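Report on one structure; see the data block that follows.
In the text below, chain A, chain B and the rest are named by the order of the sequence lines, each starting its count at 1. All values below come from the heavy atoms of this structure, side chains included, with hydrogens, waters and symmetry mates left out.
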Amino acid sequence: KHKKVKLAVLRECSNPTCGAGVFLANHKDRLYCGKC
Amino acid sequence: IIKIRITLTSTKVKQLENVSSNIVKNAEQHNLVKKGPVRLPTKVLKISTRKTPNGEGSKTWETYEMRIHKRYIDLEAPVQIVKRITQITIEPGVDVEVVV
Amino acid sequence: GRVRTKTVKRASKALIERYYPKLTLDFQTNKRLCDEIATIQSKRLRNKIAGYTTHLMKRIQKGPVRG
Amino acid sequence: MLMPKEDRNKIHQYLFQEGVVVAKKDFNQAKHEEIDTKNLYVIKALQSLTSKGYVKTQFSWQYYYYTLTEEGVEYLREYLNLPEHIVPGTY
Amino acid sequence: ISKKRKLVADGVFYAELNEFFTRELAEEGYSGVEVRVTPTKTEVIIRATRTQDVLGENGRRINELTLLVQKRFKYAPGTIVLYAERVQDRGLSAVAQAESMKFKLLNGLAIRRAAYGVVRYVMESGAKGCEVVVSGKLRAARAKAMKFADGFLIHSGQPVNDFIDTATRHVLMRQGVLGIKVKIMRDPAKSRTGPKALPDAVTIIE
Amino acid sequence: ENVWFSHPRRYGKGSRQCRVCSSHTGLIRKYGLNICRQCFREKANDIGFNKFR
RNA sequence: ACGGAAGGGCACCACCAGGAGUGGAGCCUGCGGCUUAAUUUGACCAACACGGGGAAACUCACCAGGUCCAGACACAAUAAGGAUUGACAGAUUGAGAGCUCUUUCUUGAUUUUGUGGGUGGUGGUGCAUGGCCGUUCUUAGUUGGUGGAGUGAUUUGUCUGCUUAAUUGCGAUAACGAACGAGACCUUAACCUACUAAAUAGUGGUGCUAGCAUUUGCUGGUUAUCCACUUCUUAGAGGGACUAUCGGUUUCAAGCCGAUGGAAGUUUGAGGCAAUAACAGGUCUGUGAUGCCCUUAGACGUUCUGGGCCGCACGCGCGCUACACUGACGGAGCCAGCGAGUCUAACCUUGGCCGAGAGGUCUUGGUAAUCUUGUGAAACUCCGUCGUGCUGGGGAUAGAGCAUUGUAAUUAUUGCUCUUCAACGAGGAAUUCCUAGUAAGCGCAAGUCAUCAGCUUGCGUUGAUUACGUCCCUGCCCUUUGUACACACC
Ligand SMILES: [Mg+2]
Ligand SMILES: [Mg+2]
Ligand SMILES: [Mg+2]
Ligand SMILES: [Mg+2]
Ligand SMILES: [Mg+2]
Ligand SMILES: [Mg+2]
Ligand SMILES: [Mg+2]
Ligand SMILES: [Mg+2]
Ligand SMILES: [Zn+2]
Ligand SMILES: [Zn+2]
């Protein structure tokens, strides 16, 4: 039942394979990116 | 005059003896020093199975046995006479290995 | 038993029908002569045919027989 | 099946560069023996375009064999954007 | 690898090739393969009734078969090569006859006509006896079995391993499977290897 | 998910399979055949196992 | 076809004569029943240590739950302001599972949603099937061509009698001539101072060398100490037996019965193969063999965790261990065959050391007539302790501990140590197997195997009694015969 909320039309971390398109998400005290 | 050992192994005794006789005749017509063809004991690889593909009927068994006959012949020959004897035994069904 | 089959008896008949001024009642000479006059595909069969031929020669020597 | 586009491109590259693929029947093998791709990925990319055509398959003791055809040559030529002179290795 | 395991695996490899070529070259009239192992490269001799569809246009088919076997059995490229020359006699191969009649049945043909055609061809190709058994749901019934035999057939003893060619096929009819058993009693006279007659056959010179 | 889609299969009946039919039962492991007993009965002559006695 | 009809022949899956038993006990294992969430299921002479079925996980099919799509593709609705995929932490869950949610990052026409069509299924149907097997039937049986008989089904051929293991032959003869089966054949186990050859086999004596004895002899190490040889060992081409010779018995023969000879005289012993017709025999749970029916995303697909398959008022089958003195125990003797075994990795292990043991550790040899291995097997032999009692027979049950395999030993995997020491006093009615290197006793190797034999497959060590027959019982073959049977006396 994975919904995949639409996320209609809309910073950085280590592992430089994350090339400036890995904008972080901040829930609370989060330093973890989308790739990891 | 390098000392080599030729190992012949096959399931077909007829062709095994054919190749062994070819090599012995070659050695005798080229006047080498050869240890005779030693016939190492034929090994009867038997495997026992149940005839039925299920569990029904009289318990009738089979042994399928495959005889692997192997011979070894070690002699002394120069490089030309080892190359020629290792290129002349190309008989199918016999595995021939030359070890120096 | 030791009942000789048709394959042996008929062969012995034919051998004796064409080779009577030939092999005597000795089994060894009978079989060695079968070796040359007949293409028998097994040593056991040639032994049996030669033995029956020797038997028939021996029974001829006591008087003739049918066949 | 959902497999990455570059993995599918690797499967297509291999298929058009040697012509035929031999695949273990193991939908769990991590990496294909010759292709740097999941064995499941190879098998299912072929259960893919094979059904469109482009491939003949034979099972033969649990080991898939896939062979390329003429329509397959055309399809992979177009897919990989190749000039009409790079024949498969089989030719 | 020890000699036992190596020649066992050699037999296994030959069996695997035989099944592969049965499934691949069925419509090409495949009849059997021969694996010759040489010090430098391995030659795979295919015996087929039609060695032109096995080869293909300019050798495409045989080349793809070579590279398929290459990749499957993991040889260095170039170390294995296929030659599909010819079958000595189409009518004397049980595999070839069974596959041909399977194909006739699949294409749609009377069982009796197809089997008697196979038997007649085998008999006129010099065989001293042939038999075809077609078993199954020939018509909607309790799945009877028909036999179509000509000549004589010794079965069995040692001479049956000596010279009897037996092949079995599974034919897929729209109602289930038909079973094909093809048995050929080749002429012992033209053996060209091994015994030239039956063990009990005695010939006398005079 | 992908982390748990398999537990060890390094021994036992589930580690092996008939190289012809992928059957786990009745396997032949002698001499490394790895062929089910029924498949082996079907194609022993191709392998070279014959009946003599 | 059948007969509680006849005639002849035959079979230890029959009996006689006997042997070893099983049925009586403990335990093992399968089957039923009961129980259960499930205790998956097939099979009822020819099911029941059978499914190679010795299930901890896997296998697995069953049970309680949990993921994934491994739903190709022709199609239309979602999509270039992102279809869809993954996700850290926490809830949540057995689970560090992003299953789902909290929340907003990542990926980008690789899939989602609906339609059709596919795909997998140890799902059903073995009474839809193939293939394979088992059985009818381990007997000797079966079938054309042409001729003969009959309206015909059909019959003769294919037989009165002798003979044979045999439809094997002698022969007889409206049949002649043939085909399959049997036999022939192949594999093996016996002999062969015959040929060929062998530090991957062995022996003499020469090197070297210990002991003992010393007039030079015995025992033996000399695994690179050379020569000679092939008797033992191995394996190729062959030899050898064909019931040979002789007596007697035979219808006229096929043969038979003795004796000698001979390695071997029952088809030389043991097998492999093995006809015509069948069975609603087993197998859809071996198969990517398979028709149809069922299901196919909350899966009957597949995977994962746990459980079960083993469960216990009871009945049955195959087994093992026993009930003891022809024995138990302890020392010492020290005798096989058939086999298996690891190179991209973990198999068979010698030897050393650690340990009481099981076992551990350091090396070694072996891809093998090379090393494990002379598999230094067990019964058995010798000498002692026991001394007839449920005993020092038996070893079930159970407690404690220590190792081993395994991701994981709980419902004890196995092994080892100590301890508890049950039934069982030779076994009802019944019923099994068996005739000579056989029965029976004994262990070993292999198969299943990560670990697990009381199982099977083969192998050898020790090795009887009885009989050399019969048709009484149970069956089979042939012939005649009766039949109201043909689904064929169930
Ligand atoms: Mg026979
Ligand atoms: Mg007992
Ligand atoms: Mg399933
Ligand atoms: Mg007539
Ligand atoms: Mg008749
Ligand atoms: Mg039934
Ligand atoms: Mg069970
Ligand atoms: Mg009655
Ligand atoms: Zn990052
Ligand atoms: Zn199999």
**Item:** Assigned partner base of G/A259, Watson-Crick or wobble definition, under 3.5 Å
**Value:** G/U245
**Request:** For RNA chain G, determine which residues of residues 50-60 of chain B have any heavy atom closer than 4.0 angstrom to one of its atoms, and list them numerically.
**Result:** B/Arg50, B/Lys51, B/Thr52, B/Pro53, B/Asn54, B/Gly55, B/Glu56, B/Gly57, B/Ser58, B/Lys59, B/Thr60
**Request:** Please determine if a side-chain N or O atom of A/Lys6 lies less than 4.0 Å away from the OP1 or OP2 oxygen of G/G82.
**Result:** no
**Message:** Measuring to OP1 and OP2 of G/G240, would you say a side-chain N or O of C/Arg32 lies under 4.0 angstrom away?
**Reply:** yes
**Item:** Side-chain-base donor-acceptor pair under 3.5 Å for E/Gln158 and G/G272
**Value:** no
**Asked** Any chance G/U302 and G/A289 qualify as a Watson-Crick or G-U wobble pair, both distances under 3.5 Å?
**Response** no
**Prompt:** Taking everything shown except C/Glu36 itself, do over 12 heavy atoms lie less than 6.0 Å from its CD?
**Reply:** no
**Item:** Distance below 4.0 Å between C/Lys43 side-chain N/O and G/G239 OP1 or OP2
**Value:** yes
**Asked** Residues in ring-ring contact (aromatic ring centres under 6.0 Å, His included) with E/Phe148, at least two apart?
**Response** E/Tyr116
**Request:** For nucleotides G/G177 and G/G144, find the distance between their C1' atoms and express it as a whole number of Å.
**Result:** 12 Å
**Prompt:** Under a 3.5 Å rule for both distances, is G/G460 the Watson-Crick or G-U wobble partner of G/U146?
**Reply:** no
**Pairwise P distance, G/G425 and G/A439 [rounded to whole Å]** = 30 Å
**Asked** Mind checking the P distance from G/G469 to G/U266? Whole angstroms is fine.
**Response** 14 Å
**Prompt:** With nearest nucleotides of RNA chain G determined for D/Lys44 and E/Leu153 from heavy-atom distances, which residue corresponds to the more 5′ nucleotide?
**Reply:** D/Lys44
**Request:** In whole angstrom, give me the gap between the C1' atoms of G/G157 and G/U143.
**Result:** 11 Å
**Request:** Sort out the partner of G/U59 for me: Watson-Crick or G-U wobble, both distances under 3.5 Å, none otherwise.
**Result:** none
**Request:** Any chance you could list the contact pattern along nucleotides 191-200 of chain G? Use B for base contacts, S for sugar-phosphate-only contacts and - for none, protein heavy atoms under 4.0 Å, 5' to 3'.
**Result:** ------SSSB
**Message:** Please name the nucleotide paired to G/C329 by Watson-Crick or G-U wobble geometry with both distances under 3.5 Å, or report none.
**Reply:** G/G384
**Any D/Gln47 side-chain N or O less than 4.0 Å from OP1/OP2 of G/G71** = yes
**Item:** For G/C2, the Watson-Crick or wobble counterpart (both distances under 3.5 Å)
**Value:** G/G482
**Request:** Check whether the aromatic ring of E/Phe152 stacks on the base of G/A179, taking stacking as ring centres less than 5.5 Å apart and planes within 30° of each other.
**Result:** no
**Asked** Partners of D/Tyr65 by ring-ring contact (aromatic ring centres under 6.0 Å, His included), sequence neighbours excluded?
**Response** E/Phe20
**Complete:** Readout for nucleotides 91-106 of chain G: B = base within 4.0 Å of protein heavy atom, S = sugar-phosphate only, - = neither; 5' to 3' it is ----B-SB-SS-BBBB
**Fill in**
Rounded to whole Å, CG of E/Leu7 lies from P of G/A368 at a distance of 10 Å
**Item:** Who pairs with G/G18 - Watson-Crick or G-U, where each distance is under 3.5 Å
**Value:** G/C434
**Asked** What residues in residues 170-178 of chain E put a non-hydrogen atom under 4.0 Å from any atom of RNA chain G?
**Response** E/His170, E/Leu172, E/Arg174, E/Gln175, E/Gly176, E/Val177
**Prompt:** Does OP1 or OP2 of G/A184 have a side-chain N or O of C/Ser42 closer than 4.0 Å?
**Reply:** no
**Request:** Look at atom NZ of E/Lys128 and say whether more than 12 heavy atoms of other residues, nucleotides or ligands are closer to it than 6.0 Å.
**Result:** no
**Prompt:** What residues, two or more places apart in sequence or in another chain, satisfy salt bridge (charged side-chain N to carboxylate O under 4.0 Å, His left out) together with B/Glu62?
**Reply:** B/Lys51, F/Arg41, F/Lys51
**Asked** Counting only non-hydrogen atoms, which of residues 45-53 of chain F are less than 4.0 Å from RNA chain G?
**Response** F/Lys51, F/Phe52, F/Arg53
**Asked** Starting at CG of E/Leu106 and ending at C1' of G/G291, how long is that distance when rounded to a whole Å?
**Response** 14 Å
**Request:** Give none if G/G82 has no partner; otherwise give the nucleotide forming a Watson-Crick or G-U wobble pair with it, both distances under 3.5 Å.
**Result:** none
**Asked** Taking the same atom, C1', in G/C323 and in G/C390, what whole-Å distance lies between them?
**Response** 9 Å
**Item:** Check: C/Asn30/C/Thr53 side-chain N/O donor and acceptor closer than 3.5 Å
**Value:** no
**Message:** Exactly one of B/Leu8, B/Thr11, B/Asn18 should register a side-chain contact (heavy atoms from CB on, under 4.5 Å) with B/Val94. Which one does?
**Reply:** B/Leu8
**Message:** Stacking test, G/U151 against G/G150: centre separation of the six-membered rings below 5.5 Å and plane angle below 30 degrees, yes or no?
**Reply:** no
**Fill in**
The salt bridge (charged side-chain N to carboxylate O under 4.0 Å, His left out) partners of F/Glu42 (sequence neighbours excluded) come to none
**Prompt:** Ignoring hydrogens and angles, does a donor from either the side chain of D/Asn28 or the base of G/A70 sit under 3.5 Å from an acceptor on the other?
**Reply:** yes
**Request:** Determine which nucleotide pairs with G/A189, using a 3.5 Å limit on both distances of a Watson-Crick or G-U wobble pair.
**Result:** G/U268
**Fill in**
Nearest heavy-atom approach of C/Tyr52 to C/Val8 is CB-CG1, 4.0 Å
**Item:** Sequence-distant partners of E/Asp162, salt bridge (charged side-chain N to carboxylate O under 4.0 Å, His left out), two or more places apart
**Value:** none
**Message:** Counting only Watson-Crick and G-U wobble pairs whose two distances fall below 3.5 Å, is G/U290 partnered with G/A450?
**Reply:** no
**Request:** Take B/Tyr64 and F/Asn45, measure what side-chain hydrogen bond (donor to acceptor under 3.5 Å, both in side chains) needs, and give me the verdict at the end.
**Result:** CA-CA 9 Å; B/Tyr64 289 85; F/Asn45 290 318; over 6 Å; no
**Message:** Under 3.5 Å for both contacts, Watson-Crick or G-U wobble geometry: does that describe G/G236 with G/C195?
**Reply:** yes
**Message:** Taking the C1' atom in each of G/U214 and G/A356, what is the distance between them to the nearest angstrom?
**Reply:** 49 Å
**Prompt:** Quick one: is G/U290 close enough that its OP1 or OP2 comes under 4.0 Å of any side-chain N or O from E/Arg169?
**Reply:** no
**Message:** It should be established whether F/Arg37 places a side-chain nitrogen or oxygen under 4.0 Å from OP1 or OP2 of nucleotide G/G52.
**Reply:** yes
**Request:** Would you please confirm or rule out a distance under 4.0 Å between OP1 or OP2 of G/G458 and any side-chain N or O of B/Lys46?
**Result:** no
**Request:** Please work out which of the three classes, parallel, tilted or perpendicular, describes the rings of F/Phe49 and F/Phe40, given edges at 30° and 60°.
**Result:** perpendicular
**Request:** Indicate whether any N or O donor in one side chain lies under 3.5 Å from an N or O acceptor in the other, for D/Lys44 and D/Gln47.
**Result:** yes
**Residue pair G/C185 and G/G272, Watson-Crick or G-U wobble, under 3.5 Å both** = yes
**Message:** Walk along nucleotides 157-162 of chain G from 5' to 3' and tag each nucleotide B, S or - by protein heavy-atom contact under 4.0 Å, base first, then sugar-phosphate.
**Reply:** ------
**Request:** Could you tell me which residues satisfy salt bridge (charged side-chain N to carboxylate O under 4.0 Å, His left out) with E/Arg5, sequence neighbours excluded, listed by chain and number?
**Result:** none
**Short side-chain N/O contact to G/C449 OP1/OP2 from F/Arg29, under 4.0 Å** = yes
**Complete:** If pairing means Watson-Crick or G-U wobble with both distances under 3.5 Å, then the partner of G/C421 is none
**Request:** Flag the pair E/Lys181 and E/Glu131 as a salt bridge only when some basic side-chain nitrogen lies within less than 4.0 angstrom of an acidic carboxylate oxygen.
**Result:** no
**Prompt:** Going by atom types only, do B/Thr42 and B/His69 share a side-chain donor-acceptor pair under 3.5 Å?
**Reply:** yes
**Short side-chain N/O contact from C/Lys6 to OP1 or OP2 of G/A178, under 4.0 Å** = no
